[PDB]
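Encoded as structure tokens, the structure appears first; notes follow it.
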Amino acid sequence: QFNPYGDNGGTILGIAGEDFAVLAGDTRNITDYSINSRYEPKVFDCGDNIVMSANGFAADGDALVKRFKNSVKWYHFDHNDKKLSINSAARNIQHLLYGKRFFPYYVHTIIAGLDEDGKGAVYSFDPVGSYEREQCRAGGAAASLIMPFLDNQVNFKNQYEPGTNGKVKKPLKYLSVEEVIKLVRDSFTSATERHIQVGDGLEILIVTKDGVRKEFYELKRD
Amino acid sequence: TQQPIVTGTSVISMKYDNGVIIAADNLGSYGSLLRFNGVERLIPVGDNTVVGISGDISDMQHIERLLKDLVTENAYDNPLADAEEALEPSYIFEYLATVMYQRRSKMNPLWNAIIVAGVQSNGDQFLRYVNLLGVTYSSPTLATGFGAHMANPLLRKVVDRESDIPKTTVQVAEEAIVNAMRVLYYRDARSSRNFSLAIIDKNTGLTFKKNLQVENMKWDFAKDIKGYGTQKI
Amino acid sequence: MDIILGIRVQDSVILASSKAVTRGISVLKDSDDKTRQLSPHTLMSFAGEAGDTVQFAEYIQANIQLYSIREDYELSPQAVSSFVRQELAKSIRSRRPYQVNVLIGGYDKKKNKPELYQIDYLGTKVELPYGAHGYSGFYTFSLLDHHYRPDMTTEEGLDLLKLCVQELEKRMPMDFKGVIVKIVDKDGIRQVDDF
Amino acid sequence: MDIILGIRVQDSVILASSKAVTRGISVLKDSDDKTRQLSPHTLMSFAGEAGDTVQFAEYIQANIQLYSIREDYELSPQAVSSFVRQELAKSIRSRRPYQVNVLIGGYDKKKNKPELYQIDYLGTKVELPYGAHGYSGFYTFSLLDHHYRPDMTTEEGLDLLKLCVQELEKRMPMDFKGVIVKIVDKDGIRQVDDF
Amino acid sequence: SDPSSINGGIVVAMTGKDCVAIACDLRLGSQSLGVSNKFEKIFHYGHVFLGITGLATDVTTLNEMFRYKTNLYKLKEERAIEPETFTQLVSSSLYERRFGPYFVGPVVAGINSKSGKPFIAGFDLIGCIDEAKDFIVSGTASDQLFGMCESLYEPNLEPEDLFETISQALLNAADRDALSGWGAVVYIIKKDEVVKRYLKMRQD
Amino acid sequence: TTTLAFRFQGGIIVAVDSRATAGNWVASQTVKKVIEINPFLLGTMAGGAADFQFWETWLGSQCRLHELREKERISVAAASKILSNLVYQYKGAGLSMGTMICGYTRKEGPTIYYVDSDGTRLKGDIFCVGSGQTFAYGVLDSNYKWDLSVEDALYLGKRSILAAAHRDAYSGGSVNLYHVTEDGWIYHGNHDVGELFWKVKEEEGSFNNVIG
Amino acid sequence: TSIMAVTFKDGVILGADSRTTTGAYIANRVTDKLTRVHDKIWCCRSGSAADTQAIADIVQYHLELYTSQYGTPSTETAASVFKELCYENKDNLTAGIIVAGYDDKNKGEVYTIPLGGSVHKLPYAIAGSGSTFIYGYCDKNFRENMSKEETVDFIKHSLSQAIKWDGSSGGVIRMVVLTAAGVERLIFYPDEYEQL
Amino acid sequence: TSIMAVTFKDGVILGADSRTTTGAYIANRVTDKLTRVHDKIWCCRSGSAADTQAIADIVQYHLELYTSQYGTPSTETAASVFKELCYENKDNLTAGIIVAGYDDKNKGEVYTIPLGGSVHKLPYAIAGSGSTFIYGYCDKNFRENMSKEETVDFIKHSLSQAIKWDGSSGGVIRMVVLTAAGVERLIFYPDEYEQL
Amino acid sequence: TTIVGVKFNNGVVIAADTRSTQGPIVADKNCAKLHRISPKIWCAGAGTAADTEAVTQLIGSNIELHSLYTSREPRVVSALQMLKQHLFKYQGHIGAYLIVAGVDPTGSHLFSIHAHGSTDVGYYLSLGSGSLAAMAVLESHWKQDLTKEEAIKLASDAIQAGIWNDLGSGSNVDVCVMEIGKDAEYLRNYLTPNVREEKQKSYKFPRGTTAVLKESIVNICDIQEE
Ligand SMILES: *[B]([O])([O])[C]([C][C]([C])[C])[N]C(=O)[C]([C]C1=[C][C]=[C][C]=[C]1)[N]C(=O)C1=[C]N=[C][C]=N1
Ligand SMILES: *[B]([O])([O])[C]([C][C]([C])[C])[N]C(=O)[C]([C]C1=[C][C]=[C][C]=[C]1)[N]C(=O)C1=[C]N=[C][C]=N1
Ligand SMILES: *[B]([O])([O])[C]([C][C]([C])[C])[N]C(=O)[C]([C]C1=[C][C]=[C][C]=[C]1)[N]C(=O)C1=[C]N=[C][C]=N1
Ligand SMILES: *[B]([O])([O])[C]([C][C]([C])[C])[N]C(=O)[C]([C]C1=[C][C]=[C][C]=[C]1)[N]C(=O)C1=[C]N=[C][C]=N1
Ligand SMILES: [Cl-]
Ligand SMILES: [Cl-]
Ligand SMILES: [Mg+2]
Ligand SMILES: [Mg+2]
Ligand SMILES: [Mg+2]
Ligand SMILES: [Mg+2]
């Protein structure tokens with residue numbers, strides 16, 4: 001029997017800062033136990049200060065991103081070059097995904113950018129279109145390795161203030177872009193160590209009011 | 001949904017400093033039967049692209065006709081069909097990639113793994129993969145089927161990352177490909193000795209080599225191997 | 001496993017229908033009326049697959065109400081039952097059939113006779129003195145075979161119906177949370193609030 | 001069988017167990033005691049596959065009674081529960097395992113403490129303040145989480161137990177025909193005849 | 001259906017400077033239903049500690065079995081069993097049930113009394129020994145624990161620092177697992193003193 | 001998931017949990033399981049779904065279109081039936097959702113409708129839906145009265161979710177409360193279960209089984 | 001697998017390819033499928049490598065113990081021991097074995113034992129997946145009482161075709177000659193037999 | 001089924017057995033598997049009789065309509081029409097067809113169309129269940145530019161072996177010779193070809 | 001797993017990667033896949049980890065007892081025969097895929113063993129999920145009359161091919177050289193091409209960060225005197 005789906009592996013990560021947002025993802029592409037590519041870009045600039053990544057089955061992922069980029073283009077035509085807000089982009093993606101409810105895009109979609117107040121924004125989707133704004137979200141193969149670490153180091157979960165002994169929580173102080181990138185890099189370095197489908201390279205896209213910037217870092221190639 | 005019948009095995013390829021090399025053996029297998037020994041699986045499109053196809057041969061022949069028809073269509077009302085508006089590797093690939101994904105989406109796939117090797121207008125190397133699922137990826141080395149498991153490791157020792165491409169000459173790259181083809185003949189039970197090799201260079205253009213053979217094989221040591229353990233005679 | 005019961009006496013038709021609604025592990029409701037009034041002198045109770053039951057009952061109801069307005073005339077119970085049967089007989093060979101069993105209790109104002117019709121999801125119609133769907137009949141029919149007369153009063157019918165419900169409450173594993181009883185006679189349809 | 005409950009209070013252990021026995025379509029009995037006295041101060045209730053339950057309970061009973069005669073001494077609830085667990089743990093990897101879940105309520109005369117043990121058919125032992133098997137816990141544990149105290153009296157335990165049974169009778173689809181309640185304390189085992 | 005995730009639970013072990021730490025959650029459940037918040041998964045035989053995740057009946061059975069075997073070991077050898085030796089005993093014991101295995105994920109932890117060297121080891125259900133230097137993970141949130149441990153861990157941690165690391169590794173991993181949590185215990189083990197600490201965590 | 005909704009003197013209480021899981025993996029602890037359909041209607045979510053994000057957001061568009069056309073607020077009965085008739089067309093197609101459409105109008109008063117992916121549509125006073133529904137029902141049934149204050153009713157809903165969040169492995173994260181009058185629904189805080197549990201334990205004297 | 005044994009004037013010759021496959025991967029391209037159960041009684045192995053080795057090992061044990069008690073066994077006796085194993089364990093074995101040996105009294109003999117466990121004495125025998133493609137060739141080209149050189153050419157040409165068409169067959173052509181003169185091993189490489 | 005087409009100096013010859021089987025019962029022992037789609041373009045049919053007949057009937061219709069408009073079609077054109085049917089309906093067809101024809105310009109041509117729907121132009125082609133047993137024989141014995149008499153002997157001997165070994169093949173050997181001279185039918189009975 | 005064996009002039013060398021996996025997760029990053037059957041007979045193991053360990057220990061134990069019984073140094077063919085007959089008995093259910101090598105009074109030897117009990121002889125062999133990447137290298141670079149230095153190079157290069165290109169293989173390269181008339185040298189972590197880079201941040205927590213309910217001393221000591 002023909003199986004129309006496949007797992008291209010990989011892992012992605014979106015973190016929302018106070019006035020910025022990052023969307024990171026490893027550059028390794030795989031099938032089963034073979035490496036297809038050590039550098040296959042997975043996070044894309046889609047215009048209007050929005051970055052996107054659809055992790056999982058690359059064919060569906062590439063199809064979805066392509067269709068959203070297209071949706072952004074036709075949004076400009078139909079609505080007098082209006083900038084597509086991140087909340088509007090998110091809702092638009094829900095309809096793209098749910099449009100194939102009974103033959104889904106087998107992907108875990110994440111978009112990142114800035115909301116209309118200028119604050120950092122990350123939205124997360126399931127394969128059938130359900131979405132939710134989040135401060136922190138890892139998606140893909142090694143999501144189970146990264147998310148618990150982010151709960152601990154971004155939202156300061158299970159952490160309390162010394163001397164009080166469980167009474168006073170650690171205060172939720174904001175993180176800088178330099179601080180976030182450190183957590184991103186350590187997350188992927190750790191994920192690479194314990195997940196075979198994660199490695200080769202890490203590509204991060206940072207979104208600020210000034211625009212979209214890229215950073216690349218090597219990962220272990222085994 | 002179908003099953004592949006007459007099948008073509010590995011297609012291997014890599015980038016080098018001035019262009020790309022691609023190769024594939026001339027066999028059309030019918031299961032374990034090595035049915036057809038004269039099948040060309042590298043199909044050039046223009047003088048700047050070569051599409052290497054593995055998997056179902058009937059579907060390959062269909063794809064072959066689509067590419068042939070693509071060239072015809074591109075020439076229509078196009079005074080620059082042999083110049084600025086000639087077909088690019090990127091154009092030919094994206095077309096195939098569109099078809100492969102559309103066909104998988106109708107649950108009726110073209111049962112193939114395709115590698116589009118070529119050189120662009122600006123002299124850039126083009127090398128990208130697509131298969132029955134519509135999955136696409138690019139790399140300094142690309143290979144299908146058994147080639148993925150055996151060829152890539154060897155080809156990646158030459159060009160391990162992007163920065164190794166300008167350091168790799170056509171002589172070194174071709175040697176690596178020809179050696180990989182020999183290794184596949186040793187170890188792939190559905191491969192043949194005879195193969196075709198294509199080089200698309202930004203300076204010297206498209207060189208298409210037919211009727212190549214795997215040579216300089218090591219078999220002599222077989223005489224010394226006796227039994228499966230304890231046997232001496 | 002919903003229990004829906006029907007008994008035709010001298011001058012009326014009585015339909016008893018369970019109040020329980022179970023969605024797997026929990027009883028979500030214990031006051032559910034598993035019936036619809038198709039016309040002033042025609043009542044249809046129903047039991048089958050969730051959703052399908054109400055969807056079907058209301059669809060039938062709408063059609064009979066449409067007929068009543070168009071002709072300014074109430075269809076006979078026999079006519080309504082035949083219409084309903086055809087809909088189920090049509091349904092069974094559809095892409096997705098209505099999985100609904102019904103009892104149609106009506107009083108024919110022309111013939112001055114009560115009439116009870118039992119129709120299953122396949123479209124199998126039978127006119128009966130007393131009827132049931134599902135496992136309900138297995139317990140009750142033996143009691144009804146014994147005690148039933150065609151000349152019974154409505155009060156005697158209710159007493160015989162109580163005896164059926166008591167036996168169900170004793171021997172059935174499922175707690176169906178009692179029944180809502182409705183009477184259909186020359187004066188129309190009314191509900192017995194205490195049972 | 002269906003619903004078995006247990007609650008350990010200050011000075012006693014209370015075990016409630018349903019009375020219904022259903023074999024498929026019919027409730028064959030509504031007065032079944034799903035428990036065995038293993039020793040004067042140790043009671044085991046049980047629920048699982050038919051036949052297996054009683055066969056297992058009586059087999060355990062016989063073994064504990066044999067021990068009691070041999071040593072002229074009553075085993076502690078902890079000791080009996082450990083023995084029972086081992087038998088089930090042995091059973092699960094047998095040709096045909098015992099498909100039986102049990103609650104062991106006993107009063108330890110040495111430590112002067114009530115003890116409740118919950119053991120499933122796999123041989124999974126846990127000492128609890130209150131326990132249940134099957135779907136019973138899904139309804140009752142939320143009530144017990146709220147109302148339970150370790151210093152409750154036996155009468156307070158019975159009231160809390162009534163509240164559990166009422167909730168089961170409201171929301172469970174199966175009619176389990178009420179429960180037989182038994183109390184295990186320093187004075188031994190007795191049955192609450194009115195519940 | 002899957003025996004190794006009916007009851008749920010996790011165990012994690014780490015090495016520090018002249019010390020080892022082993023920690024576990026307290027949950028025992030029947031799939032979705034939480035049954036007990038006092039089901040401790042870490043046991044000890046002399047100075048050798050053993051954590052066991054997986055099917056609870058087998059957790060109990062194996063504890064009773066290794067108590068049995070280490071007690072006879074002691075009577076005959078006239079000394080307490082060491083972590084290295086116990087690890088081999090666990091592996092032997094598990095493999096003898098090769099084609100009818102105990103559905104468990106054992107984790108040995110302890111300090112060799114003679115050499116003073118910190119030791120940890122993990123196993124699969126049929127006895128394969130994973131003798132790691134840094135850390136061992138086991139249970140339904142092993143993926144999560146791998147992620148926490150791999151990022152949070154650093155070598156040569158002092159006992160009171162190691163406690164914080166392993167505690168946070170367990171807690172945050174357990175909170176991303178439906179079948180783990182309901183309390184947690186951490187054993188900090190030094191050559192001649194052992195401190196046991198119950199952690200305050202979310203009870204859902 | 002645990003979601004409940006009950007009618008009372010002060011209108012309707014709606015309480016839900018926040019957890020979403022993929023198998024044993026906890027996907028999210030921050031899920032909004034109440035779709036604010038419009039300012040007057042609320043809808044809950046449960047069942048391996050989020051199909052209901054799309055369809056109850058869609059329902060809000062249909063309810064908006066209704067009151068544009070009819071110059072009148074849509075009834076809870078009409079709104080619920082638009083959704084139930086929609087899912088009935090898709091019956092057989094996928095997974096298992098369950099919802100409570102909650103609202104308060106002049107003609108109806110406070111009304112709750114249990115709508116279901118199997119096509120079921122039930123009006124009622126009390127409903128609990130989700131994998132932890134049985135735990136919530138226990139607390140709710142034993143403590144429910146019509147004559148409850150808005151303060152006490154809110155707490156009962158909060159406590160019922162907490163009960164389920166504790167026992168049910170696939171419920172938890174946090175509690176989202178809502179109170180519904182005909183003047184509109186009123187949001188009553190996001191309550192983390194991690195903090196709410198220890199608070200309730202200490203103050204109420206409950207959960208003596210757990211050590212704290 | 002392409003294996004064959006052929007009787008001729010001076011005795012018998014066993015022939016085989018050298019390919020062992022796991023699906024389409026060639027696990028071993030220089031396998032020795034011609035194996036020795038006694039001084040001048042050999043066998044060709046096809047099917048499961050594990051099964052045929054386990055069988056061949058046991059047979060060699062039986063014939064070694066036979067020799068110690070009753071002297072040199074006949075080729076028929078060797079075939080009977082092979083059969084007894086293949087027949088009695090037919091449900092658990094995948095072994096196609098050709099037994100071939102040389103007596104001075106009986107001269108060259110060939111027994112084929114297919115999957116079932118049956119025994120068939122023949123002038124020559126062919127077996128293994130690749131044998132299908134050379135039934136036509138072998139039937140047309142086989143003669144009785146051929147010379148050594150003719151029989152070597154017959155096996156070489158036959159297996160060459162079997163190799164050419166069968167994916168499961170390939171590598172070198174091994175041969176083992178059994179005559180009064182002794183035991184001679186022959187090998188033929190791709191460059192030699194492919195151009196035939 | 002044993003079918004083959006062979007090009008030679010003067011043109012091309014199609015050859016086939018005559019056995020149609022329902023399992024092990026021979027439904028027809030005198031079947032004509034060599035069928036005519038045009039004056040000098042014929043085909044050999046293997047696989048499903050129903051499918052190959054339905055296909056061959058349609059092809060003959062297409063080439064008859066082609067001829068009425070554009071004159072005599074090429075053998076390549078005929079093969080293309082066969083392919084179009086076999087390829088586009090591969091999920092619902094079991095047809096192994098060999099197309100063979102004679103032009104004056106192109107002379108003798110042979111196209112084989114296996115299950116997949118692929119087309120393969122060859123000097124000669126073999127197909128059907130019984131072809132497996134004669135790959136070795138046909139490869140060794142085929143030469144280009146043979147005479148009519150040599151090609152008849154090649155097909156006769158080849159199919160004889162295919163018949164000998166394949167249960168699905170048997171009966172008479174039918175042949176059809178396509179040259180400039182015209183269309184000649186040949187038949188060869190068991191007594192003749194078995195003793196070869 | 002990538003395991004290889006390479007014959008050379010005066011002996012044999014085997015090598016292996018050090019990655020153990022459970023699905024897509026790495027269970028052990030520095031696994032020991034080279035097992036000692038006897039002092040000068042070592043084998044590399046792929047497949048099910050417990051099995052390769054267990055089956056090697058058992059045969060190694062019986063080989064030792066046999067060596068003591070016969071007053072002779074053990075032979076590779078004895079280990080080979082004992083392993084294959086054991087594995088065959090269990091019909092592939094013992095998932096051990098071994099490359100057995102060593103030196104004995106007969107000479108130097110190199111064999112492979114599969115789970116079902118089939119044995120193969122060779123001058124160069126490779127097994128496991130990365131055997132195709134390894135065999136590609138071996139087929140490209142192997143020659144007759146290799147020296148010790150060349151064989152170690154070829155062997156470790158074949159393991160690397162697996163480490164990099166096969167996701168089932170990774171981390172370090174273990175090597176064991178068994179030369180005739182010499183002690184076998186076991187080179188644990190011969191290559192270490194996968195050391196993790198320094199982390200960007202230290203995640204050492206401030207003491208008292210974790211909330212604690214109860215503390216207690218655990219009595220690990222025996223029952224005390226007096
Ligand atoms: B609840 O547990 O029913 C919940 C409600 C949903 C609206 C968030 N369902 C889920 O979390 C389901 C899994 C499930 C668990 C238990 C019973 C039924 C279903 N998960 C999801 O819907 C899900 C998971 N990952 C991403 C997105 N959505
Ligand atoms: B031959 O192809 O039949 C061959 C003969 C064998 C004695 C070496 N058999 C194999 O190659 C078998 C598989 C097989 C192929 C074709 C037909 C029947 C069986 N191979 C194995 O048994 C094998 C595979 N991988 C590793 C070890 N052994
Ligand atoms: B030949 O054996 O392939 C033959 C050729 C056909 C064109 C006459 N086919 C058949 O005999 C088929 C069955 C078959 C046998 C072997 C391989 C594939 C198919 N027979 C039929 O189609 C048939 C059977 N019974 C009645 C009518 N037709
Ligand atoms: B290698 O990848 O073949 C490797 C060699 C082994 C000897 C260390 N195999 C493994 O790591 C196996 C793979 C495997 C997974 C699942 C079933 C069987 C085999 N892993 C283990 O044996 C394993 C898995 N979890 C814990 C410990 N060991
Ligand atoms: Cl072999
Ligand atoms: Cl026909
Ligand atoms: Mg009926
Ligand atoms: Mg919970
Ligand atoms: Mg025949
Ligand atoms: Mg790797």
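Each chain in the structure tokens gets a letter, A, B and so on, in the order shown; residues start at 1 in every chain, and ligands are counted from 1 in the order they appear.
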
Discussion item. According to DSSP computed on the backbone, where in stretch 13-121 of chain H is there strand (DSSP E)? Give the residues as a PyMOL selection string.
Written reply: chain H and resi 13-16+20-22+25-28+34-38+41-47+95-102+108-113+120-121

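Taking only C-alpha atoms, the non-local environment of residue E:20 within 7 Å (same-chain residues fewer than 3 positions away omitted) comprises residues 14, 15, 16, 109, 110, 118, 188, 189 and 190 of chain E.
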
Let's have the selection written as an mmCIF file, in the first residue's frame, with N, CA, C and O atoms.
```cif
data_model
loop_
_atom_site.group_PDB
_atom_site.id
_atom_site.type_symbol
_atom_site.label_atom_id
_atom_site.label_comp_id
_atom_site.auth_asym_id
_atom_site.auth_seq_id
_atom_site.Cartn_x
_atom_site.Cartn_y
_atom_site.Cartn_z
ATOM 1 N N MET E 14 22.133 10.827 39.269
ATOM 2 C CA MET E 14 23.251 11.680 38.862
ATOM 3 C C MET E 14 24.474 11.459 39.747
ATOM 4 O O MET E 14 24.352 11.034 40.900
ATOM 5 N N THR E 15 25.648 11.758 39.196
ATOM 6 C CA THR E 15 26.894 11.736 39.956
ATOM 7 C C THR E 15 27.344 13.157 40.271
ATOM 8 O O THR E 15 27.122 14.081 39.486
ATOM 9 N N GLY E 16 27.974 13.319 41.430
ATOM 10 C CA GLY E 16 28.591 14.585 41.820
ATOM 11 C C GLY E 16 29.997 14.341 42.330
ATOM 12 O O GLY E 16 30.561 13.264 42.124
ATOM 13 N N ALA E 109 22.266 3.068 41.921
ATOM 14 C CA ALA E 109 23.056 4.218 42.354
ATOM 15 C C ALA E 109 23.673 3.939 43.721
ATOM 16 O O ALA E 109 23.049 3.306 44.574
ATOM 17 N N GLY E 110 24.900 4.411 43.922
ATOM 18 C CA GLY E 110 25.592 4.222 45.195
ATOM 19 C C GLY E 110 27.082 4.485 45.115
ATOM 20 O O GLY E 110 27.630 4.685 44.031
ATOM 21 N N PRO E 118 32.035 7.232 43.202
ATOM 22 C CA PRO E 118 30.599 7.314 42.905
ATOM 23 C C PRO E 118 30.208 6.483 41.684
ATOM 24 O O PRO E 118 30.923 6.487 40.680
ATOM 25 N N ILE E 188 20.145 12.108 48.459
ATOM 26 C CA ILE E 188 21.528 12.565 48.325
ATOM 27 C C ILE E 188 22.415 11.606 49.110
ATOM 28 O O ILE E 188 22.271 11.479 50.325
ATOM 29 N N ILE E 189 23.331 10.943 48.407
ATOM 30 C CA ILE E 189 24.124 9.859 48.979
ATOM 31 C C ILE E 189 25.601 10.236 49.042
ATOM 32 O O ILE E 189 26.215 10.539 48.020
ATOM 33 N N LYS E 190 26.152 10.213 50.253
ATOM 34 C CA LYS E 190 27.587 10.387 50.481
ATOM 35 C C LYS E 190 28.133 9.109 51.116
ATOM 36 O O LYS E 190 27.361 8.223 51.492
#
```

Practice prompt. Within stretch 50-104 of chain B, find each residue whose DSSP state, derived from the backbone, is helix (DSSP H, G or I), and express the selection as JSON, numbers by chain.
Written response: {"B": [57, 58, 59, 60, 61, 62, 63, 64, 65, 66, 67, 68, 69, 70, 71, 72, 73, 74, 75, 89, 90, 91, 92, 93, 94, 95, 96, 97, 98, 99, 100, 101, 102, 103, 104]}

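Close contacts of residue A:11, defined as residues with an atom at most 10 Å away when counting only C-alpha atoms, with chain neighbours fewer than 6 positions off set aside, comprise residues 24, 25, 26, 27, 28, 29, 42, 53, 54, 55, 56, 108, 138, 139, 140, 141, 142, 143, 146, 188, 191, 192, 195, 197, 198, 199 and 202 of chain A.
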
How about saving the chosen residues, N, CA and C atoms kept, as a short mmCIF file (atom, residue, chain, number, x, y, z; two decimals), in the first residue's frame?
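Printed below is again_33.cif as written:
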```cif
data_model
loop_
_atom_site.label_atom_id
_atom_site.label_comp_id
_atom_site.auth_asym_id
_atom_site.auth_seq_id
_atom_site.Cartn_x
_atom_site.Cartn_y
_atom_site.Cartn_z
N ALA A 24 13.85 29.45 15.84
CA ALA A 24 15.03 28.65 15.53
C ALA A 24 14.64 27.27 15.03
N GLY A 25 15.53 26.65 14.26
CA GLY A 25 15.31 25.30 13.77
C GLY A 25 16.57 24.70 13.18
N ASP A 26 16.83 23.43 13.49
CA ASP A 26 18.00 22.73 12.95
C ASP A 26 17.87 22.55 11.44
N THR A 27 19.01 22.41 10.77
CA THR A 27 19.05 22.37 9.31
C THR A 27 19.16 20.94 8.75
N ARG A 28 19.14 19.95 9.64
CA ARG A 28 19.22 18.55 9.23
C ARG A 28 17.88 18.06 8.68
N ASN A 29 17.94 17.37 7.54
CA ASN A 29 16.78 16.72 6.94
C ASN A 29 17.09 15.23 6.78
N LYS A 42 14.75 25.47 7.10
CA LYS A 42 13.43 25.06 7.58
C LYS A 42 12.57 26.22 8.09
N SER A 53 7.72 28.34 10.24
CA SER A 53 8.31 27.03 10.03
C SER A 53 7.26 25.95 10.27
N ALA A 54 7.16 25.02 9.33
CA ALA A 54 6.21 23.92 9.41
C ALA A 54 6.97 22.60 9.48
N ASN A 55 7.27 22.17 10.70
CA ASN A 55 8.13 21.00 10.92
C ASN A 55 7.38 19.67 10.91
N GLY A 56 7.99 18.66 10.31
CA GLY A 56 7.44 17.30 10.29
C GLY A 56 7.67 16.62 8.95
N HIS A 108 3.93 20.43 12.27
CA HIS A 108 3.75 21.21 13.45
C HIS A 108 4.20 22.59 13.13
N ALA A 138 8.56 24.78 21.60
CA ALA A 138 9.39 23.92 20.76
C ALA A 138 8.50 22.92 20.04
N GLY A 139 8.82 22.65 18.78
CA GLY A 139 8.04 21.73 17.96
C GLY A 139 8.92 20.75 17.21
N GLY A 140 8.36 19.59 16.88
CA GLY A 140 9.07 18.59 16.09
C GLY A 140 9.55 17.41 16.89
N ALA A 141 10.56 16.72 16.35
CA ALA A 141 11.05 15.46 16.90
C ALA A 141 11.53 15.58 18.35
N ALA A 142 12.41 16.54 18.60
CA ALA A 142 13.02 16.70 19.92
C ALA A 142 12.30 17.73 20.81
N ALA A 143 11.03 17.98 20.52
CA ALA A 143 10.23 18.91 21.32
C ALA A 143 10.10 18.45 22.77
N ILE A 146 13.19 19.54 24.75
CA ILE A 146 13.45 20.98 24.88
C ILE A 146 12.43 21.70 25.77
N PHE A 188 19.38 23.22 21.63
CA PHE A 188 19.71 22.43 20.43
C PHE A 188 20.98 21.61 20.60
N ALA A 191 19.62 18.78 22.71
CA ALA A 191 18.76 17.96 21.86
C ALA A 191 19.57 17.11 20.88
N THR A 192 20.63 17.70 20.33
CA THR A 192 21.53 17.01 19.40
C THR A 192 22.21 15.80 20.05
N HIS A 195 19.12 13.12 20.59
CA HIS A 195 18.19 12.81 19.50
C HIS A 195 18.95 12.69 18.19
N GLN A 197 17.93 12.47 15.08
CA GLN A 197 17.39 13.29 13.99
C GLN A 197 17.69 14.79 14.14
N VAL A 198 18.42 15.16 15.19
CA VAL A 198 18.81 16.56 15.42
C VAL A 198 20.33 16.72 15.34
N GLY A 199 20.78 17.70 14.56
CA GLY A 199 22.22 17.97 14.42
C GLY A 199 22.58 18.81 13.20
N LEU A 202 22.30 24.75 13.17
CA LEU A 202 21.19 25.47 13.79
C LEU A 202 21.05 26.84 13.15
#
```

Item to complete: Output the neighbourhood of ligand 7 as JSON, numbers by chain, that is, all protein and nucleic acid residues with some atom at most 9 Å from the ligand, counting only C-alpha atoms and all ligand atoms.
Response: {"C": [101, 102, 117, 118, 119, 120, 121, 122, 123, 124, 125, 126, 131, 132, 133]}

Filtering to C-alpha atoms, could you give me those residues as a short mmCIF file (atom, residue, chain, number, x, y, z; two decimals), in the first residue's frame?
```cif
data_model
loop_
_atom_site.label_atom_id
_atom_site.label_comp_id
_atom_site.auth_asym_id
_atom_site.auth_seq_id
_atom_site.Cartn_x
_atom_site.Cartn_y
_atom_site.Cartn_z
CA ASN C 101 -36.40 2.73 15.79
CA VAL C 102 -39.80 4.30 16.43
CA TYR C 117 -47.43 1.16 14.89
CA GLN C 118 -43.96 -0.31 15.48
CA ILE C 119 -41.31 0.55 12.86
CA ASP C 120 -37.61 -0.38 13.09
CA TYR C 121 -34.67 1.33 11.35
CA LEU C 122 -34.91 -1.03 8.34
CA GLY C 123 -38.45 0.25 7.66
CA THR C 124 -40.27 -2.80 9.03
CA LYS C 125 -43.82 -1.68 9.88
CA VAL C 126 -46.28 -3.64 12.02
CA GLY C 131 -45.08 -3.03 21.04
CA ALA C 132 -41.49 -2.31 22.02
CA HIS C 133 -37.99 -1.81 20.61
#
```
